[PDB]
Amino acid sequence: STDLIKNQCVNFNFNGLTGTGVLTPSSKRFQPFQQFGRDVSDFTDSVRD
Amino acid sequence: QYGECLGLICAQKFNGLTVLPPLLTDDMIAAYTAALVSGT
Amino acid sequence: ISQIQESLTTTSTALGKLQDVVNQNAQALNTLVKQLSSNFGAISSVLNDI
Amino acid sequence: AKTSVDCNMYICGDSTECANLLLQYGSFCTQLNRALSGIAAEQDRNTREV
Amino acid sequence: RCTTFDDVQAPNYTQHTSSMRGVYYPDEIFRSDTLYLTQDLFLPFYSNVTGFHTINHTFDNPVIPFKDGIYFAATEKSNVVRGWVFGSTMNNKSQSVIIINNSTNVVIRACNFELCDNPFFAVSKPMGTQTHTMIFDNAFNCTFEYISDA
Amino acid sequence: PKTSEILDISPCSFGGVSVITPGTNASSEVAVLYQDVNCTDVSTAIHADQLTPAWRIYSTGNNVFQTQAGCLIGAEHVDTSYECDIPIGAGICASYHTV
Ligand SMILES: *[C@@H]1O[C@H](CO[C@@H]2O[C@@H](C)[C@@H](O)[C@@H](O)[C@@H]2O)[C@@H](O[C@@H]2O[C@H](CO)[C@@H](O)[C@H](O)[C@H]2NC(C)=O)[C@H](O)[C@H]1NC(C)=O
Ligand SMILES: *[C@@H]1O[C@H](CO)[C@@H](O[C@@H]2O[C@H](CO)[C@@H](O)[C@H](O)[C@H]2NC(C)=O)[C@H](O)[C@H]1NC(C)=O
Ligand SMILES: *[C@@H]1O[C@H](CO)[C@@H](O[C@@H]2O[C@H](CO)[C@@H](O)[C@H](O)[C@H]2NC(C)=O)[C@H](O)[C@H]1NC(C)=O
Ligand SMILES: *[C@@H]1O[C@H](CO)[C@@H](O)[C@H](O)[C@H]1NC(C)=O
Ligand SMILES: *[C@@H]1O[C@H](CO)[C@@H](O)[C@H](O)[C@H]1NC(C)=O
């Protein structure tokens, strides 16, 4: 593993999910049985570290 | 050819094509035209 | 001018034309977005998954 | 003319095996029906306007 | 040895509208501020339900068919219902499972049970203590067991 | 083959269904239009659950009416004329109004 690199365009591989983006802190409130969030068009929108 | 019923025996063919009727019937249209000629 | 002002204050339907323009454009974009979830016979709709 | 069409009889007709394949394309003919119904309503408006 | 309650009345099944109850989370994935359309097994609104009741001599323990899935709801003042039993033949011929809210520890098992015809927990009025658990005479070919925390 | 009779073939009835409603806030009343069908076939197919889609709860009351575009279920005919609110077809018009 590595440390996080917030606020910069980076490759990310959180847990078998791959892409590129800008990581930032969030104000989501996940339930203890939810690990991912999705938008319309089935794009991943947020993740639990 | 296509399904339609004019009268009202309605028949339908396997191609699934259909023709809808107009709202204003021909005697209502002819009453508008006779009202225009009358008033004018 | 007073009566037209009260009418505009209470009516909703009078601007249906402009409203239809906005709704037509928005609906069109919504459809183009929704088409991404289709499968077209692929094993999955998710590109990065494949 | 103000004609109308039914998607499933024309493309797939009686069979169910074909309908389970046409399902993979989603909403397409339904927006088609939405369009052809708009043309039908327009014809009535044209005659009432004239 | 099983104890059979004599003089028990036959039940009087009662009908009630279920209204809108029974919705549950379809999937784990998070979503927000959106309307989602999905197909799954659900309890249709305003469907009718078969009510049951234990009062005085009356005592109803009737085998109910499962129809590949059931809703369930109970109204209890002092833990009257302790759980369920799922099986197909319940006569030394098919695997059965027991779920019970045993006061000391929740127990889930999936083994041949040969469950007693009238399984029950025995209690004493003034002490408020449990004395017997006449649920199953024996158990063989047992392949599954679980115990929750104390 | 057995008797050398000559027999025609023709399809089982099909068409579109569409729903007429006043505003949801005003009321929850609906009327259903079955397009280009004689009511005898749809009534004889609603009964004994031969139609599809199959509602869980509905009923064809005594209110059945026949039009050239098809027949309406759940609307009451009236022997009076007014200005159109919702056009149906062939001269038939609908509205939501006092009994
Ligand atoms: C409730 O169950 C507990 C625990 O389940 C027991 O062990 C299971 C493997 C199975 O054999 C069940 O049928 C048993 O009832 C019972 O407490 C156990 O008691 C025994 C001695 O009889 C002891 O050796 C175990 O350690 C206990 N298990 C614990 C403490 O978790 C208990 O008697 C049952 N009834 C009541 C009223 O509590
Ligand atoms: C598993 O389910 C099947 C079917 O649901 C059960 O088979 C039925 O058994 C009864 C026993 O009398 C027959 O009368 C039925 O005809 C069978 N088929 C159906 C569709 O009901 C089978 O019993 C179940 N498994 C066990 C172990 O009981
Ligand atoms: C489950 O199996 C046991 C053992 O096969 C059954 O116990 C038998 O019961 C009969 C009459 O009830 C006795 O004649 C046998 O001697 C018993 N067998 C043994 C080994 O003691 C038991 O009855 C079965 N369960 C049910 C519900 O019938
Ligand atoms: C609801 O009542 C219907 C009859 O209208 C019956 O067929 C059905 O079994 C009932 N549902 C139950 C008992 O769950
Ligand atoms: C357990 O099952 C085996 C076969 O699966 C059987 O031979 C044996 O008799 C069973 N144990 C008993 C009945 O105690």
Past 27 Å, Cα to Cα: identify those pairs from E:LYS93/E:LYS125; E:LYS77/E:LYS125; E:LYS67/E:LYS93, in the order given. E:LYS93/E:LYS125
Using a Gaussian network model of chain E with C-alpha springs under 10 Å, which one of E:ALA110, E:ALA73, E:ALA139 is most mobile by mean-square fluctuation? E:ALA73
Rg from C-alpha atoms of the protein assembly as shown, normalised by the globular rule of thumb 2.2 N^0.38 Å, equals 1.47
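To one decimal place, what orientation-averaged projected area in nm² is obtained for the convex hull of the Cα set of chain E?
13.2 nm²
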Calculate the radius of gyration of the Cα atoms of chain B to one decimal place, then report Dmax, the largest Cα-Cα distance, as a whole number, both in Å. 16.1, 50
Counting only other chains, what is the mean number of Cβ atoms within 10 angstrom of the Cβ of each residue in peptide A:36-49? 4
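Considering every residue in F:10-17, what mean count of other chain Cβ atoms within 10 Å of its Cβ is obtained?
5
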Karplus-derived 3J(HN,Hα), 6.51/-1.76/1.60, for each residue of the stretch A:40-49, Hz, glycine and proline x: 4, 6, 6, 8, 5, 10, 7, 8, 8, 5
So how do E:53-60, E:100-107 stack up, highest first, on mean other-Cβ count within 10 Å? E:100-107, E:53-60
On average, how many beta carbons from a partner chain sit within 10 Å of the beta carbon of a residue in D:1-13? 4
Inter-site label distance for D:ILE39 and E:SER18 at 7 Å from Cα along Cβ, in nm: 4.6 nm
Extend 7 Å from the Cα of E:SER32 along its Cα-to-C-beta direction; within the stretch A:1-24, residues with backbone N under 17 Å of that point are A:23-24
In whole Å, largest first, the alpha carbons of chain A cover along the principal axes 26, 24, 21
Which value does Rg/Rh take for chain F over its C-alpha atoms, Rh per Kirkwood? 1.09
From the C-alpha coordinates alone, can you work out the Kirkwood hydrodynamic radius of the stretch E:14-83, in Å? 15.6 Å
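Rule-based calculations on the coordinates, nothing more; no lab input. Don't worry about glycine lacking a Cβ; one is built from the backbone with ideal geometry, like all the others, and counts go over all protein chains shown.
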